[PDB]
Each structure stands twice: as structure tokens, then as C-alpha cells.
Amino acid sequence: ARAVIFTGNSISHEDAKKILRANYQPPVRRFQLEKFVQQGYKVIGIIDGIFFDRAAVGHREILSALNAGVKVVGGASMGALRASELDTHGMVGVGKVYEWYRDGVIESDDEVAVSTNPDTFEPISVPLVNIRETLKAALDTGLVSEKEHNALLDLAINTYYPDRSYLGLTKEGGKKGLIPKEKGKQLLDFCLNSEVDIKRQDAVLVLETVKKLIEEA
């Protein structure tokens, strides 16, 4: 049994490779799955994928893989979104992002979209789900008030995703009078050193699920 994993954004190929030896591919695009189905692969892990309509992985493609006896696992990013749409059809969803989509806690691809380096797949921006979880953790550490949490979260929601960053958020937050600037600096340090990287943690869960399905005959 051979596995193929589409990732690079939520976790690098370098970091994923140590956790599970698999065929690591770039974020998934339209009509990439069937190549691996036809090559005889037994498990597909969808973590990351392009969100733009023309190039996004389609329901038809996932359903084709499932009908051919290929197990499909999704989480973290595009995999979380698709698993929430196709779990009733046999796609396995794992992780918190999947759970939130499933239960209507979050909606739309805006929750997970990130700008990336097109060559290395490393993210430039911060996904909204990570911002949500990191602002929650900051509130717990007493680094923001509830008013400040809510104001900064609303700001993040209302920021074009390639411009979503912890520095950008605290800077614009300060400029818009949403947080004192010294309190903003303490918050930025927390965000840069103690990020709740829910996309990465969910990505690891996908890898571990794929690992289990490969082992099972």
C-alpha cells in the first residue's frame, strides 16, 4: 500500500517526511488525484490545496478516488473543507478545523486561506483559524481584554488574507485604537513565540490517520 499526501503550507514536506514516509506532493489542484488513483495508490491525504475556482480539487475527483477503493483523508486546510462536504460519501475528516466546518462553527475557505511562496510552499500570511486560536490563548494569558480580543478578531476577519499577519494585526489594531501600543507589543511577542498553530497540529493528525490506514489491509 502506497500513500500520496498533498501538503507544503500547513506543514512542510521536510517536517512531514520524518513523521510519515509517503509521496509528498505540492498543494492539490484540479485533476491531480486521478493520476495517483491510476498509479495504484491506496490512500490519499489531502491537507493543502489551491482555493481558486478554476484550480480547486473537485468533489467529482474525490468521489472517483473513493469509488475506486482509494481511502481519502482530509484535514487542516482544503482537506478540512472538502471532508466537511464529503464525509457522508466516505471521505475521512480529522482535526479541529474539520470539526468546526462539520458543526457550522466556521464557514467558507476564508477561514484557512494563506498566501504562500509559490516555489517553497512556505506560508507568508497567517490563516484565520490560527488567529482565532492564538487570540483565544492570548485572552487566557491575560494579554488582551474581551473587548480587545473581539476588536482584533473582527479586524482579522476584515483583512484581505495575504495581508493577515500578527505584526499587521497588532500594528493596524494600534492605529485604529483597538489596543494600547505597549499592550500590542506584548501581544505580538506572544503571537510570534506561542502561536496556536492549529493548521500544523491538524496536518500532523492527517499524517497519523494516513499512517494507520496504510498499515490496515
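For every residue, the number given is its place in the sequence shown, counted from 1.
**Student:** Comparing average C-alpha B factors as deposited, tell me which of 82-90 and 136-144 sits higher.
**Tutor:** Higher of the two, by average CA B-factor, is 136-144.
**Student:** Using the B-factors recorded in the PDB entry, average over the C-alpha atoms of 43-51 and of 184-192, then report which stretch comes out higher.
**Tutor:** Mean CA B-factor is higher for 184-192.
**Student:** Reading the B-factor column of the entry, which of 120, 77, 115, 130 has the highest value at its C-alpha atom?
**Tutor:** By C-alpha B-factor in the record, 120 ranks first.
**Student:** Reading the B-factor column of the entry, which of 58, 173, 26, 162 has the highest value at its C-alpha atom?
**Tutor:** Largest recorded C-alpha B-factor: 173.
**Student:** Per the entry's values, where does residue 213 land by CA temperature factor relative to the rest of its chain, in the lowest, middle or highest third?
**Tutor:** Top third by C-alpha B-factor.
**Student:** Using the temperature factors of the C-alpha atoms in this entry, rank residue 21 within its chain: lowest, middle or highest third.
**Tutor:** For residue 21, the deposited C-alpha B-factor lands in the highest third.
**Student:** Mind checking which third residue 5 falls in for C-alpha B-factor across the chain?
**Tutor:** Lowest third.
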